[PDB]
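**Q**
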Amino acid sequence: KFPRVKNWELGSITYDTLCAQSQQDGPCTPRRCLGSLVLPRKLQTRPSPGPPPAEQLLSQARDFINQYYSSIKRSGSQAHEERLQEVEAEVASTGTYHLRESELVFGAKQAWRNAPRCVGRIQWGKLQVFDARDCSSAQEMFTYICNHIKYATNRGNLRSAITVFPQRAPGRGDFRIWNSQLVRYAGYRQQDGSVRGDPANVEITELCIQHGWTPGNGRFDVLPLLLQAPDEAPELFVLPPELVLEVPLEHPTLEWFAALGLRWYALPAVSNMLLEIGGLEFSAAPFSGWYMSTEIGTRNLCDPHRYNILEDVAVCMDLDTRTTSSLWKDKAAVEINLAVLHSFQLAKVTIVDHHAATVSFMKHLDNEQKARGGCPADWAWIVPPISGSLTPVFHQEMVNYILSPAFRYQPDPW
Amino acid sequence: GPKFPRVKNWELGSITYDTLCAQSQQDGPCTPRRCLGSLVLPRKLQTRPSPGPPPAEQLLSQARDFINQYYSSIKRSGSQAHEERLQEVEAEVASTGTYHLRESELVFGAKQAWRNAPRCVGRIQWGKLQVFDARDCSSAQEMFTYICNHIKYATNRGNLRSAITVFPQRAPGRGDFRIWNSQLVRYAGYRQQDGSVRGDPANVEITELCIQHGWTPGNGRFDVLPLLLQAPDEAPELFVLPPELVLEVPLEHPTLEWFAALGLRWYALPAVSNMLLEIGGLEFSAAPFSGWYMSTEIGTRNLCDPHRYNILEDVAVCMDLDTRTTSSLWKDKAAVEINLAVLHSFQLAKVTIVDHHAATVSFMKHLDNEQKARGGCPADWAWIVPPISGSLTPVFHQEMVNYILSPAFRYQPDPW
Ligand code: HEM
Ligand code: HEM
Ligand SMILES: [Zn+2]
Numbered sequence: 010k011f012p013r014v015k016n017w018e019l020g021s022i023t024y025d026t027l028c029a030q031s032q033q034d035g036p037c038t039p040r041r042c043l044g045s046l047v048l049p050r051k052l053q054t055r056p057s058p059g060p061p062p063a064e065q066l067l068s069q070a071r072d073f074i075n076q077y078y079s080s081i082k083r084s085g086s087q088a089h090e091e092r093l094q095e096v097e098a099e100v101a102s103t104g105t106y107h108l109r110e111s112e113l114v115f116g117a118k119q120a121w122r123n124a125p126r127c128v129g130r131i132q133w134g135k136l137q138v139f140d141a142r143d144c145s146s147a148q149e150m151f152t153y154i155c156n157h158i159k160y161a162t163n164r165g166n167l168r169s170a171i172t173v174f175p176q177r178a179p180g181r182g183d184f185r186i187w188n189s190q191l192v193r194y195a196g197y198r199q200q201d202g203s204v205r206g207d208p209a210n211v212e213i214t215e216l217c218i219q220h221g222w223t224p225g226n227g228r229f230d231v232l233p234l235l236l237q238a239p240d241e242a243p244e245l246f247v248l249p250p251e252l253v254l255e256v257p258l259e260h261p262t263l264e265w266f267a268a269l270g271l272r273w274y275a276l277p278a279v280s281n282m283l284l285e286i287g288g289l290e291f292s293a294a295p296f297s298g299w300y301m302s303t304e305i306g307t308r309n310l311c312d313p314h315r316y317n318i319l320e321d322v323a324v325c326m327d328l329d330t331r332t333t334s335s336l337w338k339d340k341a342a343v344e345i346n347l348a349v350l351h352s353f354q355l356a357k358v359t360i361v362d363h364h365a366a367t368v369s370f371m372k373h374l375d376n377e378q379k380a381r382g383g384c385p386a387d388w389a390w391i392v393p394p395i396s397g398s399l400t401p402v403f404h405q406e407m408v409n410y411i412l413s414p415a416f417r418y419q420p421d422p423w
Numbered sequence: 004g005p006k007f008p009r010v011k012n013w014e015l016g017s018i019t020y021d022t023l024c025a026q027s028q029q030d031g032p033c034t035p036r037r038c039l040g041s042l043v044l045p046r047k048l049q050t051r052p053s054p055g056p057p058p059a060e061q062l063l064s065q066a067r068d069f070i071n072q073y074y075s076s077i078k079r080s081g082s083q084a085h086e087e088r089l090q091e092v093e094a095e096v097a098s099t100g101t102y103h104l105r106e107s108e109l110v111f112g113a114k115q116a117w118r119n120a121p122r123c124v125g126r127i128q129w130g131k132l133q134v135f136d137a138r139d140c141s142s143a144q145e146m147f148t149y150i151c152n153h154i155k156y157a158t159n160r161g162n163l164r165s166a167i168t169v170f171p172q173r174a175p176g177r178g179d180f181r182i183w184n185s186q187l188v189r190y191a192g193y194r195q196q197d198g199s200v201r202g203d204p205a206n207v208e209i210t211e212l213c214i215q216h217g218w219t220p221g222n223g224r225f226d227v228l229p230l231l232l233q234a235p236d237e238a239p240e241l242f243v244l245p246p247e248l249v250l251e252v253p254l255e256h257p258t259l260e261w262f263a264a265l266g267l268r269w270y271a272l273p274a275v276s277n278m279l280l281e282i283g284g285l286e287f288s289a290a291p292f293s294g295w296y297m298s299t300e301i302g303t304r305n306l307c308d309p310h311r312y313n314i315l316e317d318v319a320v321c322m323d324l325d326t327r328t329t330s331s332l333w334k335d336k337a338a339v340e341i342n343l344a345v346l347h348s349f350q351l352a353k354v355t356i357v358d359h360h361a362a363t364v365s366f367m368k369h370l371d372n373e374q375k376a377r378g379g380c381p382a383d384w385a386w387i388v389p390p391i392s393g394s395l396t397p398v399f400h401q402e403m404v405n406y407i408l409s410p411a412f413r414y415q416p417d418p419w
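If you read the protein sequences in the order shown, they are chains Z and G.
Residue numbers for the first sequence follow my numbering, so the first one is 10 and each next one is one higher.
Residue numbers for the second sequence follow my numbering, so the first one is 4 and each next one is one higher.
If you want it as structure tokens, here you go:
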């Protein structure tokens, strides 16, 4: 029934009762655990050409409204009762409903709070929510996105934010941001299949070019945005360079590191995920916080299928790349992460290292145990890509499950 | 597409389907509602002491399954020998309540158990395992002799050889053969006045049990514990391993000359001894097994875990790093050098060891061989990816499917 959760470093034990509130199934079964899988095989967000079963939508809506009124300590009040009736009334007549700004705000923060793979949830209560539901064109989307970026960046003192565009509607196309993040470096396929820039963005880079974008030939060329209004071909929009803050990478002691010409943007803003609140779906709701240094230093720069700079840094450090046992990869990885941290701190841009970040997450886990009796967490994503066991979360057992409001993956619009 | 889990490798973009999981005959801890994959000891396999004889009906089904696996492995499925063997087993269980395995069946089962272990990254070596049959063992003293022979053969002066020694299976109402220690080689953990621990905090209980049983304790940081061996229905007897048999490696760093002064060291033979080997329903409560270390087990986990030797700060101070702020990555720097120290020292002493890069690369090969041979491979991601430099190794980017296959190694309650 209720899982016993143990921390092997401290010997402490807790019981997760929150998981009982889950109404959505994951990929696992008693026969086999599919926890390491990144994307769902079925838990997707299928098309919306038809109205979602009123019975189903209604229950999810009631449950959300119930959550909302509990949050403001007004459960069972007059307003609570009348709000439910409003929702009932709108669904019965139109097959859908709409959230009030205050409810939307509460919903966005809860979705973040419930995200199992996010290590920075201790900040969940501090999120600037921009209501962009009164958007009717890709151009309007572009303006909203620029205001989000200006606000979130705040000249280096990053502030968590989310912009919410119109919800999905039956039989009508979705508002969508084709790019996976608001800021991405182009990936150009060249010569023998090799790639100049970010290999992860090859497909999107090409799509932009096909829609009239004049490509560059650099390793860090900020991509343009392909914003799409309902049932309309996406449109191309270039981001004002002065809005895209970047940080040149250099090393605290290694003089030559700067010569490598490496750099990375300050703002991590996911834009391809779907936000679900009370049965309503927001196909375009970009959110951003700040980077944890390992995302850049380890994954973006060192992943084999990414910038894969490990060997270069290794040769520069004149390390023995002849054998694995010299641990040259481990050594370069650490300096590269040090460079990222040093650089961001120098440029006065917000960032958090994996040690500070995971310590804060352990606090969050404790806060959530008292508040809700548990905290859904995906161990594989919570533990950093380097120095895993050197952080507290490694020794902490975790229970993973789906709670709503929630951020979910959705099909690529093309 | 195929009605089986779709497994993706994100580095190579390659895809495979696991059909082997369809063979699993035992449920794990997860459900569609929540994933409990990260739990170390989920009350599942946990072979809790089941005294009273097992349901002849359940044992038989398991035995029939194992025998089918065996004859399939020798390509004689459906043969006369296969059906006659099935008849033996059912008849032996009918009259005695249990049965026994033929020699080659034990060898096959022992290797399959290793092959089936989801948390073992060294399974590419599964086919090469020396199976010592010790099912004739009748005394705790004899257990000691067998164990000493195992250590000698496995250590082989540094050129380690994988091996397992199987003691008599569990019998109805009869006491179990048991090795109280978690490993054949373990360092003592002495509780102190201030409340701290000298030695390995992981072995405080076993250390205290050895004392309660007449062991005169030492006071070092690396004192090899004696063995508490238990024969059926008898109190455990204490045995001290001859020092000449326990090969150890002093740790030194290739460039940091002061590292050797730290006086750190580790033993060469990793021999798990508290796990239960289950084959066709039969239970081998005492079946110690050993291979060789993957360097991160010693350098990262044993030496740097907070609840273990916890030497991170000491080494960082010696490296003169800023241990007052996380952003200096002092923990990451010290960990790397400590791991390098382990690899270097073992190589120097000519003692077999494999670094996490080599090991994970070889496991990827194993996954490929197994995809072709069985249509899948049960793997526990959290345990396969190394404790340091995770995404720098290939296994990190490889999705994995975890499930229980039998024969298998399982945890079992402590005898005390
Ligand atoms: C304030 C700083 C924040 C930091 C330090 C942070 C850090 C992280 C990290 C490291 C990951 C995993 C990345 C990976 O391993 O690929 C992650 C995932 C995630 N975070 Fe956060 N996060 C923060 C704020 C936010 C905000 C504001 C939201 C939403 C409003 C959010 C929503 C999520 C979600 C949904 C995921 C999973 C995305 C996926 O499945 O790909 N995060 N976060
Ligand atoms: C040949 C060298 C081998 C290497 C390098 C190796 C390495 C490993 C490693 C790194 C672990 C996980 C350690 C941890 O994170 O705590 C492990 C677990 C395991 N290995 Fe292997 N292994 C090898 C041989 C063996 C042998 C010979 C057997 C048995 C016949 C075996 C059975 C297992 C089992 C059952 C586990 C899991 C035990 C547990 O859950 O605590 N391994 N192995
Ligand atoms: Zn699972």
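C-beta: ideal position from N, C-alpha, C; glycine also.
1. Does the stretch 16-32 of chain G come within contact of the stretch 406-413 of chain G, defined as at least 3 CB pairs closer than 8 Å?
2. For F7 (chain G), which three-state DSSP category applies?
3. Pick out every residue whose C-beta is nearer than 5 Å to a heavy atom of ligand 3: which are they, in chain order?
4. Determine the contact status of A195 (chain Z) and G225 (chain Z), defining contact as a CB-CB distance below 8 Å.
5. Given a threshold of 16 other Cβ atoms within 10 Å of its Cβ, counted over all protein chains shown, does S293 (chain G) qualify as buried or as exposed?
6. Check whether the Cβ of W117 (chain G) lies closer than 7 Å to any heavy atom of ligand 1, and answer yes or no.
7. Taking C-beta to C-beta, are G288 (chain Z) and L66 (chain Z) nearer than 8 Å?
8. Name the chain Z residues that come within less than 7 Å of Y296 (chain G), Cβ to Cβ?
9. Which ranges would you report for the alpha helix (DSSP H) in the stretch 320-362 of chain Z if only whole runs of at least 4 residues count?
10. Mind checking if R36 (chain G) is an interface residue toward chain Z, Cβ cutoff 8 Å exclusive?
11. Does DSSP put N16 (chain Z) in a helix, in a strand, or in coil?
12. Count the other CB atoms within 10 Å of the CB of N313 (chain G); is the residue buried (16 or more) or exposed (fewer)?
13. If you pair each beta-carbon of the stretch 142-158 of chain Z with each one of the stretch 302-319 of chain Z, do three or more pairs fall below 8 Å?
14. Assuming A338 (chain G) and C307 (chain G) form a contact by the criterion Cβ under 8 Å, report the distance between their Cβ atoms to the nearest whole angstrom.
15. By the three-class DSSP mapping on this structure, what secondary structure does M403 (chain G) have?
16. Any idea which residues DSSP pairs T172 (chain Z) with across the strands?
17. By a C-beta neighbour count over all protein chains shown, 10 Å radius and 16 as the cutoff for buried, is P32 (chain G) buried or exposed?
18. Looking only at its chain, what residues have a beta carbon closer than 6 Å to the beta carbon of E240 (chain G), apart from the 5 residues adjacent to it on each side?
19. Where does the unbroken beta strand (DSSP E) through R272 (chain Z) begin, and where does it stop?
20. Closer than 6 Å by C-beta to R92 (chain Z): which residues in its own chain qualify, once you throw out the five before and the five after it? Chain order, please.
21. Are the stretch 196-215 of chain G and the stretch 157-177 of chain G in contact at 8 Å, needing three or more beta carbon pairs?
22. The beta strand (DSSP E) that contains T19 (chain G), what's its start and end?
23. Is it the case that the Cβ atoms of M301 (chain Z) and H363 (chain Z) are separated by a distance below 8 Å?
24. Closer than 6 Å by C-beta to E406 (chain Z): which residues in its own chain qualify, once you throw out the five before and the five after it? Chain order, please.
25. Go ahead and pull the three-state DSSP assignment for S293 (chain G).
26. Distance, Cα to Cα, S396 (chain Z) vs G302 (chain G)?
27. With DSSP run on the structure shown, which of helix, strand or coil describes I77 (chain G)?
28. Taking any Cβ of chain G, which residues in the stretch 200-214 of chain Z have a Cβ under 8 Å from it, in chain order?
29. Compare the C-beta of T101 (chain G) with all C-beta atoms of chain Z and state if any pair is closer than 8 Å.
30. Interface residues of chain Z around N405 (chain G) at Cβ under 7 Å?
31. Confirm, please, whether the CB-CB distance from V124 (chain G) to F366 (chain G) is below 8 Å.
32. For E255 (chain Z) versus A275 (chain Z), is the C-beta distance shorter than 8 Å?
33. What first and last residue would you give for the beta strand (DSSP E) that runs through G196 (chain Z)?
34. Can you find the residues in the same chain that come closer than 6 Å, C-beta to C-beta, to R122 (chain G), ignoring five residues on each side of it along the sequence?
35. Quick check on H256 (chain G) - is its C-beta less than 8 Å from some C-beta in chain Z?
**A** Well, looking at it:
1. yes
2. coil
3. Z:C37, Z:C42, Z:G44, G:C33, G:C38, G:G40
4. yes
5. buried
6. no
7. yes
8. In chain Z, no part has a C-beta under 7 Å from the C-beta of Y296 (chain G); the shortest such distance is about 13 Å.
9. 337-355
10. Answer yes: the Cβ-Cβ gap between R36 (chain G) and chain Z drops below 8 Å somewhere.
11. strand
12. With fewer than 16 neighbouring CB atoms inside 10 Å of its own CB, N313 (chain G) falls in the exposed class.
13. no
14. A338 (chain G) to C307 (chain G), Cβ: 6 Å. Contact.
15. coil
16. Within the DSSP bridge table, the entry for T172 (chain Z) names Z:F139 as partners.
17. buried
18. So the qualifying residues of the chain are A143, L232.
19. Counted as a single uninterrupted DSSP element, the beta strand (DSSP E) harbouring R272 (chain Z) occupies residues 272-274.
20. If we look at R92 (chain Z) and ignore the five residues flanking it on each side, its Cβ neighbours are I74.
21. no
22. The continuous beta strand (DSSP E) containing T19 (chain G) extends over residues 18-20.
23. yes
24. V14, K15
25. strand
26. The straight-line gap from Cα to Cα measures roughly 12 Å.
27. It is coil, neither helix nor strand.
28. none
29. no
30. Near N405 (chain G) (Cβ distances below 7 Å), the residues of chain Z are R41, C42.
31. For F366 (chain G) and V124 (chain G), yes; Cβs fall inside 8 Å.
32. yes
33. 196-198
34. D383, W386
35. no
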